[PDB]
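Let me begin by presenting the structure, written as structure tokens, before commenting on it.
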Amino acid sequence: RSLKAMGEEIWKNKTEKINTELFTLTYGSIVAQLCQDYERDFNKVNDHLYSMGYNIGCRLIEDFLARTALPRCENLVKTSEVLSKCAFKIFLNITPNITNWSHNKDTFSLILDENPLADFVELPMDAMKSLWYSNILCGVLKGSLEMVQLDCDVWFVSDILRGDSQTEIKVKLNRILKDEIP
Amino acid sequence: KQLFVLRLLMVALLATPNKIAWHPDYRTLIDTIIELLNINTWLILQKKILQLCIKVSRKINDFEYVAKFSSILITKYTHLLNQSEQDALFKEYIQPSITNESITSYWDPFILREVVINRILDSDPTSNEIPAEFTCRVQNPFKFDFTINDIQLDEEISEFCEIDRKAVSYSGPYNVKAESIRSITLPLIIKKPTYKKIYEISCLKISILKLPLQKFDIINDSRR
Amino acid sequence: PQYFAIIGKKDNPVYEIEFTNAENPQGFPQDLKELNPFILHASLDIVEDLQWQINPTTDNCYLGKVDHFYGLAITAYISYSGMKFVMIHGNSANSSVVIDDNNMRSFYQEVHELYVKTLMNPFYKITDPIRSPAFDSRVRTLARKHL
Amino acid sequence: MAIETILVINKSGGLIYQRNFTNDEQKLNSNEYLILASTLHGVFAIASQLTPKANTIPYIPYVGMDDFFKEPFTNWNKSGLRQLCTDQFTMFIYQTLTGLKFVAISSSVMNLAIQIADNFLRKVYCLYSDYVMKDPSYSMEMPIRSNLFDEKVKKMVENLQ
Amino acid sequence: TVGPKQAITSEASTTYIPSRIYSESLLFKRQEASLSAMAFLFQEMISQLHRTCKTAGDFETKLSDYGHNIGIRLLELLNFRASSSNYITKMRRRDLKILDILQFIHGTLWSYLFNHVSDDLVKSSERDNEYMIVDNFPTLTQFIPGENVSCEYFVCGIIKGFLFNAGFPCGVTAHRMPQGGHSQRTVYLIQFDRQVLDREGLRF
């Protein structure tokens with residue numbers, strides 16, 4: 001009935017489990033090879049991980065809607081609740097929660113207590129200002145959200161791996177005014 | 001263990017107070033100790049073998065090998081030969097070589113940066129008579145150059161150009177700095193009128209207290 | 001004083017440290033500059049000989065003092081990936097190492113744990129030196145507590 | 001109820017997938033299915049457009065064969081074409097919230113049919129997401145080339161009857 | 001600035017304790033993720049390598065290098081966690097025959113990468129140094145049409161990366177032998193070299 005209850009029900013039907021450590025190892029090998037072949041130019045690899053994540057999310061939204069049927073989020077706080085409570089809870093095993101709204105309710109921050117995308121990772125020293133590690137979700141959080149026509153833009157502020165206190169991503173939407181005629 | 005006992009043989013032969021002449025067992029010993037490590041991994045041990053090999057080939061007094069293994073110790077230039085302390089002995093093993101048969105082409109072609117061939121006219125009454133390329137008139141070009149070793153006394157003498165036109169220079173007998181990029185001053189082309197056809201140049205000829213060597217081409221590209 | 005090293009498969013070191021007792025504020029008189037890299041590369045031969053055999057001169061990851069040479073007890077350890085953890089033992093007199101196998105085997109076990117923590121970084125590839133000060137801080141605290 | 005010809009169209013163009021399977025015959029398929037798929041794409045917008053001067057919940061019948069979903073669910077076409085009913089066939093259509101529509105031409109003749117149709121077409125949407133969108137060779141908005149999707153849906157239809 | 005390639009430092013034992021900065025538990029907590037997310041990352045991998053490569057062969061070697069960089073990590077982690085940290089442990093066998101590292105793969109690696117143990121593991125009767133590792137259903141790549149085999153190299157890129165860094169250099173290729181009810185079955189065959197075999201030819 002409530003999304004924070006039935007996300008666990010989808011977590012025990014038709015989600016075939018796989019070990020998260022394998023997911024970290026293949027993502028780490030991707031970003032290691034991307035670091036190596038771009039001649040240590042670390043601003044380009046955030047763009048290339050964004051270009052991978054856009055093509056992740058624009059095909060991921062049609063699996064997420066297939067596995068759980070939802071109506072359209074009538075306000076963007078319901079978008080924040082589905083991204084907090086079922087989107088990252090079905091696919092990954094993480095429950096982030098929302099804080100730090102703008103006063104006109106255009107912007108929201110997704111504070112994320114622990115990341116299961118980077119367990120073992122320690123960054124090199126020259127990359128310590130110009131590489132956000134887990135960039136890939138931002139492309140996902142464009143892509144899927146661009147396919148429900150929430151024309152938003154997604155960017156980091158801080159992360160634990162860069163020495164800051166916490167990982168949070170601030171997303172704000174620009175316009176919508178578009179949808180299926182039915 | 002054969003590497004260690006050949007090192008023991010060579011250091012026991014090093015510490016004698018006698019004198020010993022040349023003999024080709026020393027020759028085959030030097031080639032098997034250099035070839036014994038895969039030189040031509042760990043680098044400190046390769047330094048600590050050929051730093052003894054240069055002393056033994058000095059004590060034998062065969063200067064061809066102290067020249068050769070100095071120009072093999074040039075491979076380990078940019079680290080693990082400290083800030084002009086071991087490079088001091090790397091000089092005093094190469095100065096009697098450069099006053100003798102060691103006439104090889106100064107250890108690397110990575111010296112010349114991208115020089116600029118502008119000319120600076122001073123009259124607005126004359127500008128580009130005609131009917132990338134340069135359209136050179138009445139002025140003078142410029143070059144800049146570097147070396148990277150921790151040693152001092154890299155000495156360029158008589159820098160001039162290739163099999164191109166009557167572009168000449170005057171004199172260059174001064175120094176160049178150790179780590180930095182010292183811009184060499186005005187070379188002063190005294191150019192001659194020729195035909196319109198374009199053809200680029202690779203580089204120009206620089207001696208390092210020797211005869212003028214080959215090209216030492218520009219870095220990262222031909223940089224035409 | 002003891003010289004400690006971790007050596008790659010293509011005969012290159014990824015870690016090297018020398019630690020001494022504080023009574024001898026300078027340690028290893030004249031052996032440190034010349035002898036100690038060479039005898040370690042000499043012992044790499046016989047550690048490479050004993051890595052493939054079955055019944056030693058059980059469990060093949062630890063092994064005892066591998067040689068005794070100018071009164072120096074040279075002790076090895078072989079990781080799963082092929083890394084070799086050779087660490088020698090010096091003193092003015094002869095040194096007993098086998099009595100410390102209750103303690104030094106455990107020392108090799110958690111420095112193997114530290115090396116696995118180093119290797120799990122996807123940025124750190126093999127044949128790279130371990131250029132981390134945190135690793136130094138842990139291995140010298142383990143050198144202090146497993147003396 | 002009984003489904004006999006499957007059609008998957010683009011969200012904004014001519015169709016990607018068509019099978020006249022389980023009709024043991026030869027009917028024409030060349031280049032008129034693109035025209036009829038484009039006219040379905042037009043008249044969904046036309047049928048939504050007119051407003052008479054004036055729920056939407058489905059039910060689980062355990063259709064298929066562990067199903068794909070164990071609860072009643074919701075619908076993304078409140079004011080849009082849902083079936084077509086003629087003498088020889090009834091065409092069941094179901095669109096998805098991204099704009100993508102799925103067409104099942106059913107040769108069975110003449111309420112509950114809408115329920116089992118929406119359940120079946122949501123299940124083939126699930127197999128489309130699980131077996132086409134995961135494929136790296138499949139580019140976006142191209143005809144379906146997967147051989148595996150074929151015997152994933154042939155077995156579903158022959159499990160229905 | 002501790003270990004360069006230039007020198008060795010000398011610092012006394014039993015000195016002061018230095019600062020505490022970063023630490024983590026090595027033993028696994030039990031973490032699970034959906035199959036769809038790793039399948040999406042896997043097809044994005046194959047899509048980018050399809051984009052930036054010309055022909056099939058170097059595409060296969062690049063995918064095998066991708067698998068190699070997991071396998072050379074994964075060896076020490078699985079052997080250290082099968083030996084058992086700060087808790088008192090010891091050290092496994094550190095096995096050195098050919099016929100028990102493949103047993104280690106088929107037992108522990110496939111049950112670590114996946115929920116299920118690997119299916120069958122047989123030799124080759126027609127020739128030595130050829131070993132068959134086979135499953136019935138590949139859960140990495142069940143979402144691609146079956147006539148392409150090159151997208152199956154990533155997992156055997158793990159296996160070469162598991163083997164070459166363990167002291168047995170080899171080479172792997174993969175084929176699909178459609179036997180029985182399983183349409184995709186995915187044999188991986190392991191080609192060793194002669195220089196390891198005569199080594200265990202030397203050991204009786």
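Identifiers in the structure tokens: chain A, B, ... in order shown; residue index from 1 per chain; ligand index from 1 in order shown.
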
Counting only C-alpha atoms, which residues of chain A fall within 6 Å of chain C, and what is the closest atom pair for each with its distance in Å at one decimal, ordered by chain and rising number, as a Markdown table?
| residue | atom | partner | partner_atom | distance |
| --- | --- | --- | --- | --- |
| A:28 | CA | C:122 | CA | 5.3 |
| A:32 | CA | C:123 | CA | 5.5 |
| A:120 | CA | C:121 | CA | 5.7 |
| A:121 | CA | C:121 | CA | 4.9 |
| A:122 | CA | C:121 | CA | 5.9 |

Store the residues of this selection in a file with N, CA, C and O atoms, as a PDB file, in the first residue's frame.
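Ended up saving to again.pdb:
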ATOM      1  N   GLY A  28      34.956  -0.767 -10.941  1.00  0.00           N
ATOM      2  CA  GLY A  28      36.311  -0.320 -10.683  1.00  0.00           C
ATOM      3  C   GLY A  28      37.252  -0.594 -11.838  1.00  0.00           C
ATOM      4  O   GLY A  28      38.133   0.217 -12.132  1.00  0.00           O
ATOM      5  N   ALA A  32      39.110   2.303 -13.910  1.00  0.00           N
ATOM      6  CA  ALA A  32      40.564   2.179 -13.967  1.00  0.00           C
ATOM      7  C   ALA A  32      41.066   2.212 -15.404  1.00  0.00           C
ATOM      8  O   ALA A  32      42.051   2.896 -15.714  1.00  0.00           O
ATOM      9  N   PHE A 120      36.182  -0.685  -1.684  1.00  0.00           N
ATOM     10  CA  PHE A 120      37.612  -0.856  -1.507  1.00  0.00           C
ATOM     11  C   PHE A 120      38.427   0.288  -2.079  1.00  0.00           C
ATOM     12  O   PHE A 120      39.659   0.233  -2.034  1.00  0.00           O
ATOM     13  N   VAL A 121      37.771   1.316  -2.609  1.00  0.00           N
ATOM     14  CA  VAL A 121      38.435   2.246  -3.509  1.00  0.00           C
ATOM     15  C   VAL A 121      39.160   3.315  -2.708  1.00  0.00           C
ATOM     16  O   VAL A 121      38.597   3.906  -1.780  1.00  0.00           O
ATOM     17  N   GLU A 122      40.426   3.549  -3.048  1.00  0.00           N
ATOM     18  CA  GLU A 122      41.138   4.741  -2.611  1.00  0.00           C
ATOM     19  C   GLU A 122      41.698   5.422  -3.850  1.00  0.00           C
ATOM     20  O   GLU A 122      42.412   4.794  -4.635  1.00  0.00           O
TER      21      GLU A 122
END

I'd like the neighbourhood of residue E:188 as a PyMOL selection string, where a residue qualifies if any of its atoms comes within 9 Å (using only C-alpha atoms), though same-chain residues fewer than 2 positions away should be ignored. chain E and resi 131-134+153+156+172-176+186+190

Those residues you just picked out, can you put them in a file as an mmCIF file, in the first residue's frame with N, CA and C atoms?
data_model
loop_
_atom_site.group_PDB
_atom_site.id
_atom_site.type_symbol
_atom_site.label_atom_id
_atom_site.label_comp_id
_atom_site.auth_asym_id
_atom_site.auth_seq_id
_atom_site.Cartn_x
_atom_site.Cartn_y
_atom_site.Cartn_z
ATOM 1 N N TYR E 131 41.580 -28.422 -20.800
ATOM 2 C CA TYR E 131 40.658 -28.669 -19.706
ATOM 3 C C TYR E 131 39.353 -27.957 -19.987
ATOM 4 N N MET E 132 38.255 -28.652 -19.729
ATOM 5 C CA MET E 132 36.930 -28.154 -20.043
ATOM 6 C C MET E 132 36.325 -27.638 -18.749
ATOM 7 N N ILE E 133 35.943 -26.367 -18.726
ATOM 8 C CA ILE E 133 35.084 -25.848 -17.672
ATOM 9 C C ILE E 133 33.770 -25.428 -18.319
ATOM 10 N N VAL E 134 32.676 -26.010 -17.839
ATOM 11 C CA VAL E 134 31.369 -25.887 -18.474
ATOM 12 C C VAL E 134 30.320 -25.599 -17.413
ATOM 13 N N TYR E 153 33.561 -13.654 -23.525
ATOM 14 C CA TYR E 153 34.963 -13.808 -23.159
ATOM 15 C C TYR E 153 35.330 -13.195 -21.817
ATOM 16 N N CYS E 156 35.786 -15.612 -19.042
ATOM 17 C CA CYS E 156 37.012 -16.395 -19.162
ATOM 18 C C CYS E 156 38.219 -15.480 -19.141
ATOM 19 N N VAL E 172 42.902 -18.859 -22.838
ATOM 20 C CA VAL E 172 41.538 -19.374 -22.866
ATOM 21 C C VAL E 172 40.842 -18.911 -24.140
ATOM 22 N N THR E 173 39.982 -19.781 -24.669
ATOM 23 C CA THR E 173 38.970 -19.424 -25.650
ATOM 24 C C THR E 173 37.657 -20.050 -25.207
ATOM 25 N N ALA E 174 36.557 -19.512 -25.722
ATOM 26 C CA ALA E 174 35.233 -20.001 -25.378
ATOM 27 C C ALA E 174 34.427 -20.286 -26.635
ATOM 28 N N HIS E 175 33.673 -21.386 -26.604
ATOM 29 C CA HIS E 175 32.751 -21.751 -27.668
ATOM 30 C C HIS E 175 31.414 -22.108 -27.042
ATOM 31 N N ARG E 176 30.399 -22.281 -27.884
ATOM 32 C CA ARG E 176 29.072 -22.690 -27.435
ATOM 33 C C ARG E 176 28.756 -24.045 -28.053
ATOM 34 N N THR E 186 28.087 -22.936 -23.269
ATOM 35 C CA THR E 186 29.304 -22.135 -23.109
ATOM 36 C C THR E 186 30.500 -22.875 -22.523
ATOM 37 N N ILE E 190 40.839 -24.237 -21.782
ATOM 38 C CA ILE E 190 42.048 -23.603 -21.281
ATOM 39 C C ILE E 190 43.243 -24.242 -21.964
#

Please list as a ChimeraX atom specification every residue within 8 Å of residue B:110, counting only C-alpha atoms and excluding residues in the same chain fewer than 3 positions away. /B:216-219

Can those selected residues be exported to a file as a tab-separated table (two decimals), in the first residue's frame so that it contains C-alpha atoms?
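Listing of again.tsv after writing:
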chain	number	residue	atom	x	y	z
B	216	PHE	CA	67.85	16.35	-32.45
B	217	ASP	CA	64.29	16.70	-33.80
B	218	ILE	CA	61.44	18.56	-32.10
B	219	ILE	CA	59.27	16.88	-29.45

Could you pull the residues within 6 Å of stretch 13-28 of chain C, counting only C-alpha atoms, minus those fewer than 3 positions along the same chain, as number ranges by chain? C: 1-8, 31-32, 129-130; E: 8, 10-13

Deliver the residues from the most recent selection as a file, using C-alpha atoms, as a CSV table (one decimal), in the first residue's frame.
chain,number,residue,atom,x,y,z
C,1,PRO,CA,67.9,-4.2,13.2
C,2,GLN,CA,65.8,-5.7,10.4
C,3,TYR,CA,65.5,-4.9,6.6
C,4,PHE,CA,62.0,-5.7,5.3
C,5,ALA,CA,60.9,-6.0,1.7
C,6,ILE,CA,58.1,-7.2,-0.6
C,7,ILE,CA,59.3,-8.2,-4.0
C,8,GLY,CA,57.4,-8.6,-7.3
C,31,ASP,CA,76.1,-3.5,5.4
C,32,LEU,CA,73.1,-1.3,4.7
C,129,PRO,CA,55.5,0.9,-5.7
C,130,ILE,CA,53.3,1.2,-2.6
E,8,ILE,CA,65.3,3.2,1.8
E,10,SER,CA,65.8,3.9,8.6
E,11,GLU,CA,63.6,4.7,11.5
E,12,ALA,CA,63.9,3.2,15.0
E,13,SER,CA,61.6,0.5,16.4

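Interface residues of chain D facing chain A, defined by any atom at most 6 Å away and using only C-alpha atoms, are residues 48, 77, 79, 80, 99, 126, 129 and 133 of chain D.
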
If you run DSSP over the backbone, which residues in stretch 44-93 of chain B end up alpha helix (DSSP H)? Put them as a VMD selection string. chain B and resid 44 to 59 63 to 73 86 to 92

With N, CA, C and O atoms retained, could you export that selection as a compact mmCIF listing (two decimals), in the first residue's frame?
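Listing of result-v2.txt after writing:
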# COMPACT_ATOMS: atom_id res chain seq x y z
N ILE B 44 67.81 -0.13 -8.83
CA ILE B 44 68.85 0.19 -7.85
C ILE B 44 70.01 -0.79 -7.96
O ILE B 44 71.19 -0.41 -7.90
N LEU B 45 69.69 -2.07 -8.20
CA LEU B 45 70.73 -3.08 -8.37
C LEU B 45 71.46 -2.92 -9.69
O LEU B 45 72.66 -3.21 -9.77
N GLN B 46 70.76 -2.47 -10.74
CA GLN B 46 71.42 -2.21 -12.01
C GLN B 46 72.38 -1.04 -11.90
O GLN B 46 73.49 -1.08 -12.46
N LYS B 47 71.99 -0.01 -11.14
CA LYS B 47 72.88 1.10 -10.81
C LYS B 47 74.08 0.62 -10.00
O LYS B 47 75.22 1.02 -10.27
N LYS B 48 73.85 -0.27 -9.04
CA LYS B 48 74.94 -0.71 -8.18
C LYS B 48 75.86 -1.74 -8.84
O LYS B 48 76.97 -1.96 -8.34
N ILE B 49 75.43 -2.38 -9.93
CA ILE B 49 76.38 -3.13 -10.74
C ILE B 49 77.18 -2.22 -11.65
O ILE B 49 78.42 -2.26 -11.64
N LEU B 50 76.52 -1.36 -12.44
CA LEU B 50 77.32 -0.64 -13.43
C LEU B 50 78.08 0.54 -12.82
O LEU B 50 79.05 1.00 -13.42
N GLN B 51 77.74 0.95 -11.60
CA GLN B 51 78.56 1.90 -10.86
C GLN B 51 79.86 1.27 -10.38
O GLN B 51 80.86 1.98 -10.19
N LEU B 52 79.91 -0.06 -10.25
CA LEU B 52 81.17 -0.75 -10.03
C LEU B 52 81.87 -1.09 -11.33
O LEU B 52 83.11 -1.13 -11.37
N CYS B 53 81.10 -1.35 -12.40
CA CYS B 53 81.67 -1.67 -13.70
C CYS B 53 82.42 -0.48 -14.29
O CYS B 53 83.46 -0.66 -14.95
N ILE B 54 81.93 0.74 -14.07
CA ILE B 54 82.65 1.93 -14.52
C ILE B 54 83.94 2.14 -13.72
O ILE B 54 84.95 2.59 -14.28
N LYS B 55 83.97 1.75 -12.44
CA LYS B 55 85.20 1.88 -11.66
C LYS B 55 86.23 0.84 -12.06
O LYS B 55 87.43 1.15 -12.13
N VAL B 56 85.79 -0.38 -12.36
CA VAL B 56 86.71 -1.42 -12.81
C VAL B 56 87.24 -1.12 -14.21
O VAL B 56 88.43 -1.28 -14.48
N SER B 57 86.38 -0.60 -15.10
CA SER B 57 86.86 -0.22 -16.42
C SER B 57 87.67 1.07 -16.41
O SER B 57 88.37 1.35 -17.39
N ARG B 58 87.59 1.87 -15.35
CA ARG B 58 88.57 2.94 -15.16
C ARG B 58 89.90 2.37 -14.69
O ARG B 58 90.96 2.79 -15.16
N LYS B 59 89.86 1.41 -13.75
CA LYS B 59 91.08 0.84 -13.17
C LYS B 59 91.86 0.01 -14.19
O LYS B 59 93.10 -0.03 -14.15
N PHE B 63 88.86 3.16 -21.86
CA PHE B 63 87.93 4.29 -21.78
C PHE B 63 86.69 4.10 -22.63
O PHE B 63 85.70 4.83 -22.44
N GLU B 64 86.72 3.13 -23.57
CA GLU B 64 85.57 2.83 -24.40
C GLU B 64 84.40 2.30 -23.58
O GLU B 64 83.25 2.69 -23.79
N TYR B 65 84.69 1.47 -22.57
CA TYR B 65 83.60 1.00 -21.72
C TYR B 65 83.15 2.00 -20.68
O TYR B 65 81.98 1.96 -20.30
N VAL B 66 84.01 2.89 -20.18
CA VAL B 66 83.50 3.89 -19.24
C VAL B 66 82.66 4.92 -19.99
O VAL B 66 81.63 5.39 -19.47
N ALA B 67 82.98 5.16 -21.27
CA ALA B 67 82.11 5.95 -22.13
C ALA B 67 80.80 5.23 -22.42
O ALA B 67 79.72 5.84 -22.35
N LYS B 68 80.87 3.92 -22.70
CA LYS B 68 79.68 3.15 -23.05
C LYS B 68 78.73 2.98 -21.86
O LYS B 68 77.53 3.20 -21.98
N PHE B 69 79.26 2.66 -20.69
CA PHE B 69 78.38 2.48 -19.55
C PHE B 69 77.99 3.81 -18.90
O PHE B 69 76.99 3.85 -18.18
N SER B 70 78.71 4.90 -19.19
CA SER B 70 78.15 6.21 -18.89
C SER B 70 76.95 6.51 -19.78
O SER B 70 75.89 6.94 -19.30
N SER B 71 77.07 6.19 -21.08
CA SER B 71 75.94 6.29 -22.00
C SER B 71 74.98 5.10 -21.93
O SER B 71 74.17 4.92 -22.85
N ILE B 72 75.10 4.24 -20.92
CA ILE B 72 74.02 3.35 -20.50
C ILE B 72 73.40 3.84 -19.20
O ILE B 72 72.18 3.76 -19.01
N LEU B 73 74.20 4.50 -18.34
CA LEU B 73 73.68 5.16 -17.14
C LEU B 73 72.85 6.40 -17.45
O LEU B 73 72.10 6.88 -16.59
N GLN B 86 75.87 12.31 -7.08
CA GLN B 86 76.30 11.23 -7.97
C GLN B 86 76.42 11.71 -9.41
O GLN B 86 77.12 11.08 -10.21
N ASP B 87 75.78 12.83 -9.75
CA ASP B 87 75.99 13.39 -11.07
C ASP B 87 77.33 14.12 -11.18
O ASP B 87 77.80 14.35 -12.29
N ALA B 88 77.97 14.44 -10.05
CA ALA B 88 79.34 14.94 -10.07
C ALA B 88 80.31 13.87 -10.57
O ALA B 88 81.15 14.13 -11.44
N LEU B 89 80.20 12.64 -10.04
CA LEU B 89 81.03 11.56 -10.56
C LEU B 89 80.58 11.11 -11.94
O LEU B 89 81.40 10.66 -12.74
N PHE B 90 79.29 11.27 -12.25
CA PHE B 90 78.81 11.05 -13.62
C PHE B 90 79.35 12.10 -14.60
O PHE B 90 79.41 11.83 -15.80
N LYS B 91 79.75 13.28 -14.11
CA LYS B 91 80.55 14.20 -14.92
C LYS B 91 82.01 13.79 -15.01
O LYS B 91 82.52 13.61 -16.12
N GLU B 92 82.66 13.52 -13.88
CA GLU B 92 84.11 13.26 -13.91
C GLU B 92 84.47 11.88 -14.47
O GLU B 92 85.66 11.59 -14.62

With chain E as the partner and 10 Å as the cut-off, tabulate the residues of chain A that qualify, each row holding the nearest pair of atoms and their distance in Å to one decimal, using only C-alpha atoms, sorted by chain and rising number, as CSV.
residue,atom,partner,partner_atom,distance
A:11,CA,E:34,CA,8.8
A:14,CA,E:34,CA,9.2
A:15,CA,E:34,CA,5.5
A:16,CA,E:35,CA,5.4
A:17,CA,E:34,CA,4.9
A:18,CA,E:33,CA,5.2
A:19,CA,E:32,CA,4.9
A:20,CA,E:32,CA,5.5
A:21,CA,E:31,CA,7.7
A:22,CA,E:113,CA,6.6
A:23,CA,E:38,CA,6.1
A:24,CA,E:38,CA,9.7
A:25,CA,E:70,CA,6.1
A:26,CA,E:70,CA,6.9
A:27,CA,E:41,CA,7.9
A:28,CA,E:70,CA,8.7
A:29,CA,E:69,CA,6.3
A:30,CA,E:66,CA,7.7
A:32,CA,E:69,CA,9.2
A:33,CA,E:66,CA,8.1
A:52,CA,E:44,CA,6.8
A:53,CA,E:44,CA,8.7
A:55,CA,E:44,CA,7.6
A:56,CA,E:40,CA,6.3
A:57,CA,E:40,CA,9.0
A:59,CA,E:40,CA,8.4
A:60,CA,E:40,CA,7.7
A:63,CA,E:36,CA,8.5
A:64,CA,E:36,CA,9.7
A:89,CA,E:33,CA,9.4
A:90,CA,E:34,CA,7.2
A:91,CA,E:34,CA,5.1
A:92,CA,E:33,CA,5.1
A:93,CA,E:33,CA,6.0
A:94,CA,E:33,CA,9.5
A:116,CA,E:31,CA,8.6
A:119,CA,E:24,CA,9.2
A:120,CA,E:24,CA,8.6
A:136,CA,E:41,CA,9.8
